[PDB]
Structure formats: C-alpha cells, structure tokens
Amino acid sequence: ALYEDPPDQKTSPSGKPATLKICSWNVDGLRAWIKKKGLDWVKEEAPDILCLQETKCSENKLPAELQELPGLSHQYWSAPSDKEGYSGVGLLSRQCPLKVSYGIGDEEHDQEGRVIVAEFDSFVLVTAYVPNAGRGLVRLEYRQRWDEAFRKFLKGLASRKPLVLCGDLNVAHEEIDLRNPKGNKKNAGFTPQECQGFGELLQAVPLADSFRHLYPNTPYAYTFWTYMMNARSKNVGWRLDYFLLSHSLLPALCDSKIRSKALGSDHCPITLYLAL
DNA sequence: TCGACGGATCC
DNA sequence: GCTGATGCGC
DNA sequence: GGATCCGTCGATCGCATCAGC
Ligand SMILES: [Ca+2]
C-alpha cells in the first residue's frame with residue numbers, strides 16, 4: 001500500500017520541546033538535486049543540521065547556492081580520494097561544531113568520501129553513505145568488512161559521547177523495511193549478510209533505530225525508490241536511511257520523520273527531532 | 001522491478 | 001561545448 | 001500435452017565521468 005507520515009511530534013517523552021532538528025538526505029547527485037530545487041525544500045524545512053550523501057561532486061565543483069544558505073553556514077564535505085563523481089558526503093550545520101573529522105580511521109575504508117563526524121557539546125553526529133553491496137553482489141565481501149570496521153568505530157565513539165548516526169546505510173533491516181522482501185534476499189541491501197550486519201550494529205554499539213522504535217509495526221515506510229518502473233509512483237520502496245541513536249538519547253527522541261513527498265532524488269529526506 | 005524466458009512439474 | 005560510451009546504483 | 005508453478009536474467013531511469021575533438 002501507500003504511506004502517510006504522521007504529524008511531527010516536537011515534544012519529548014517528558015514534555016521538553018525539541019531543541020535540535022537534523023535532516024538527512026541522499027541527494028543522489030548534489031548538483032542535479034539543486035537543479036531540481038531540493039535546496040528550496042531544505043530552506044522550508046529549516047534544519048539545524050543537514051547531512052547529505054552521494055553528492056557525486058568534488059569540493060571545487062560545489063554550486064554557489066550553498067554559500068547563500070545562511071542558517072547552515074558551517075559546511076564540511078568529503079569526496080573520494082581518486083574517483084570523481086562517485087560517492088561523497090556533506091555536513092551543514094547552523095552552529096559551529098567542536099571538532100569535525102573524516103572517515104572512521106581505517107585506511108581501507110576511508111578512500112571513498114563516505115563518513116563525516118561532527119562533535120557537538122552533548123552528542124556526536126556521524127553521517128554516512130554506506131557502500132552498496134553491488135549489482136550481482138560484486139562488493140558484498142568488501143561490505144561485510146566495512147560493516148565490522150564501522151561497527152567497531154561507532155562503538156568506540158559511543159563509549160565517549162552519546163551518538164547519533166544518520167544517512168544511507170544501504171540495508172533494509174527487516175522484511176517490513178522493503179516492499180518485496182521475498183524477491184530481494186539475493187540483491188544488494190537485503191542479503192542475510194547485510195541484515196545481520198545491521199542487527200549487530202544495533203546490538204554492539206549499541207544503537208536504537210529511531211523510526212522503528214517509535215513506529216514498530218508501521219509497514220510501507222520507505223526512504224528509497226528505484227527510478228525505474230515508476231517504483232515511487234507505486235511506493236515499491238526500501239527504508240535505507242536511518243537515524244540510529246544511543247539508548248541514552250531515547251528520552252530525548254521527539255520524533256523521527258520520513259519526508260515522503262520531497263522530490264529531487266531517488267531518496268526522500270528523513271528528519272530527526274531531539275530535546276537536548 | 002519486471003518480464004520474458006526456461007525447465008521443470010502439477011491435473 | 002558537444003557526441004558517444006562507460007560506471008554506478010537499492 | 002496444456003495449463004499452471006518457480007527459479008534466472010536481461011532492460012527498464014538517472015547522474016556523472018571519460019575519450020576525443
Ligand atoms: Ca559498475
């Protein structure tokens with residue numbers, strides 16, 4: 001069936017009002033997405049922090065419109081070391097973070113511009129574009145090694161500060177996270193290896209899947225639809241974009257949104273509300 | 001994602 | 001700047 | 001032997017590069 005995001009709950013389980021609004025969006029081509037007026041949508045949504053994945057855009061080709069974006073002035077970008085127009089992530093923030101860093105600290109996994117880490121007063125924000133297992137699972141073996149290094153890195157981080165992980169994690173955790181699970185158990189993003197990796201990521205860091213913690217049995221909630229076969233028209237999709245939270249942060253969780261109607265990509269944006 | 005393919009295998 | 005082909009995706 | 005059942009296996013869209021001039 002089709003899906004309507006419920007309204008934004010902007011008070012916490014204790015009634016404290018949300019102080020912090022984080023939007024995450026795989027823009028699948030930053031320049032194409034700006035040409036498709038996504039930046040307008042970002043302006044009307046007005047996040048305190050915007051995380052972008054799959055920018056496919058090197059630092060010096062960044063369009064001018066991003067400078068004229070005065071509520072998200074502190075901007076950080078990561079592109080692959082030697083693969084142009086591939087991958088890429090950015091982190092735009094209203095307030096200046098204490099410390100920004102790139103990658104997870106493992107040479108093998110830090111060459112494709114996928115991870116930005118931004119340290120704030122009371123939490124640490126990681127945004128990531130996870131490597132896709134590949135058509136015909138050509139990179140599924142590399143991906144399990146990423147999963148373990150990423151798990152290890154995030155666990156280390158979360159031991160020092162409450163952690164918010166957001167972005168495209170390239171896996172539908174459970175069968176409820178995609179429209180046709182039975183046909184995709186051998187396609188990238190729904191292999192047993194990928195769903196197990198996600199489960200261990202939740203278990204080992206540990207982290208809670210914010211959306212699923214709030215809406216544990218809501219089906220048809222997806223963040224991605226392939227461009228082909230009018231899949232978004234029919235809501236034949238996958239939930240690949242998450243906010244994963246330190247359990248410490250659950251009493252701060254106000255809501256976790258899926259902005260199904262915002263166009264500009266084959267991913268829609270997701271928005272997180274915290275009382276901090 | 002969807003389909004046309006097969007090569008199975010049922011009534 | 002323009003064509004045409006290739007890489008990469010969930 | 002003529003219908004179904006179910007595993008492949010290509011071809012769909014979109015962004016971006018690259019080779020060449
Ligand atoms: Ca490829």
Side-chain angles (χ1 to χ4, degrees), chain A residues 1-3 24-39 52-63 65 77-81 83-90 111-114 128-144 146-147 150 166-198 201 209 211 220-242 258 260 262-270:
Chain A
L2 279 72
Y3 175 83
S24 189
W25 204 349
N26 181 326
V27 297
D28 209 351
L30 173 82
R31 296 170 280 183
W33 163 83
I34 287 165
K35 297 188 318 250
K36 295 178 272 176
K37 306 296 155 167
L39 260 183
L52 311 175
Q53 305 83 42
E54 213 168 325
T55 63
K56 288 188 190 189
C57 180
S58 57
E59 188 110 14
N60 52 10
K61 322 255 200 54
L62 282 170
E65 293 93 331
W77 302 96
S78 185
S81 61
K83 311 141 93 96
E84 182 108 357
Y86 178 65
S87 175
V89 292
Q111 291 319 306
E112 299 179 355
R114 304 188 165 269
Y129 171 39
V130 162
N132 187 288
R135 273 219 151 245
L137 296 324
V138 309
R139 208 141 84 119
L140 171 66
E141 318 109 281
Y142 168 68
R143 161 63 175 281
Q144 298 170 264
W146 163 279
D147 275 358
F150 199 41
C166 75
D168 176 358
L169 314 185
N170 263 336
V171 47
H173 180 204
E174 315 188 293
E175 302 204 346
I176 193 161
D177 297 307
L178 74 171
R179 177 63 159 283
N180 320 110
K182 305 308 216 269
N184 282 295
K185 304 243 192 221
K186 317 199 107 167
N187 294 326
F190 195 55
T191 65
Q193 298 84 321
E194 282 162 295
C195 314
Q196 269 134 31
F198 190 96
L201 182 66
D209 179 353
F211 178 83
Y220 313 127
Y222 313 125
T223 64
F224 163 84
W225 312 257
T226 195
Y227 279 122
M228 309 182 296
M229 305 305 321
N230 313 336
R232 192 168 180 171
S233 322
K234 328 187 249 218
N235 187 30
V236 195
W238 310 44
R239 199 171 59 104
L240 308 174
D241 302 85
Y242 304 77
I258 310 173
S260 303
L263 306 167
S265 178
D266 43 5
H267 292 251
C268 77
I270 56 175

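Within every chain, numbering begins at 1; the chains are lettered A, B, ... in the order of the sequence lines, protein sequences first and strands thereafter.
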Subject >> Pairing residues for A:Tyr129 by the side-chain hydrogen bond (donor to acceptor under 3.5 Å, both in side chains) criterion, not counting sequence neighbours >> reply: A:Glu54
Subject >> Among D:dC18, B:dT1, C:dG9, the nucleotide that comes nearest once only the side chain of A:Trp238 is considered >> reply: B:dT1
Original post:
Over how many whole Å does the gap from A:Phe190 atom CZ to B:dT1 atom P extend?
Top reply: 11 Å
**OP:** Round to a whole Å and report the spacing from CG of A:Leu178 to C1' of B:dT1.
**Re:** 12 Å
Subject >> Pair A:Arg31 + A:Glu65: basic N to acidic O under 4.0 Å >> reply: no
**OP:** Check for a donor-acceptor pair, side chain of A:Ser265 on one end and backbone N or O of A:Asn26 on the other, with a separation under 3.5 Å.
**Re:** yes
Original post:
So, the side chain of A:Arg179 versus the backbone of A:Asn235: is there a donor-acceptor pair under 3.5 Å, distance only?
Top reply: yes
Original post:
Looking at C1'-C2'-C3'-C4', which way does the sugar of C:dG7 lean, north or south?
Top reply: south
**OP:** Remember a base hit wins even if backbone is also touched, and classify A:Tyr222 as base, sugar-phosphate or nothing at under 4.0 Å, heavy atoms.
**Re:** nothing
Subject >> Partner nucleotide of D:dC9 by Watson-Crick or wobble geometry (both distances under 3.5 Å) >> reply: none
Original post:
Between A:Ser24 (side chain) and A:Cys166 (backbone), is there a donor-acceptor pair under 3.5 Å?
Top reply: no
Original post:
Are any of A:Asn184's side-chain N or O atoms less than 4.0 Å away from OP1 or OP2 of B:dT1?
Top reply: yes
Original post:
Expressed in angstrom and rounded to an integer, what is the separation of A:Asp241 atom CG from C:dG9 atom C1'?
Top reply: 14 Å
Subject >> Contact pattern, 5' to 3', of nucleotides 7-15 of chain D - B, S or - by protein heavy atom under 4.0 Å >> reply: ----BBBBB
Subject >> Span that lies between the P atom of D:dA11 and that of B:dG6, in whole angstrom >> reply: 15 Å
**OP:** Figure out the CG/P separation between A:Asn230 and B:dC2, and round it to whole Å.
**Re:** 9 Å
Original post:
Heavy atoms under 4.0 Å, any strand shown: does A:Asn187 hit a base, just sugar-phosphate, or nothing?
Top reply: base
Subject >> Options D:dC18, C:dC10, C:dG9, nucleotide nearest the side-chain atoms of A:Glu54 >> reply: C:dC10
Original post:
Can you check whether A:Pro181 reaches A:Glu174 side chain to side chain, under 4.5 Å on heavy atoms?
Top reply: no
**OP:** Return the value, rounded to whole Å, for the distance between atom CD of A:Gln53 and atom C1' of C:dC8.
**Re:** 17 Å
Original post:
Considering every strand shown, what is the Watson-Crick or G-U wobble mate of D:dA16 when both distances are under 3.5 Å?
Top reply: C:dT6
Original post:
What integer distance in Å separates A:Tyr86:OH from C:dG9:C1'?
Top reply: 9 Å
Original post:
Between the main-chain N or O of A:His173 and the side-chain N or O of A:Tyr242, is there a donor-acceptor pair closer than 3.5 Å?
Top reply: yes
Original post:
How many Å lie between CG on A:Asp168 and P on C:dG9, as a whole number?
Top reply: 11 Å
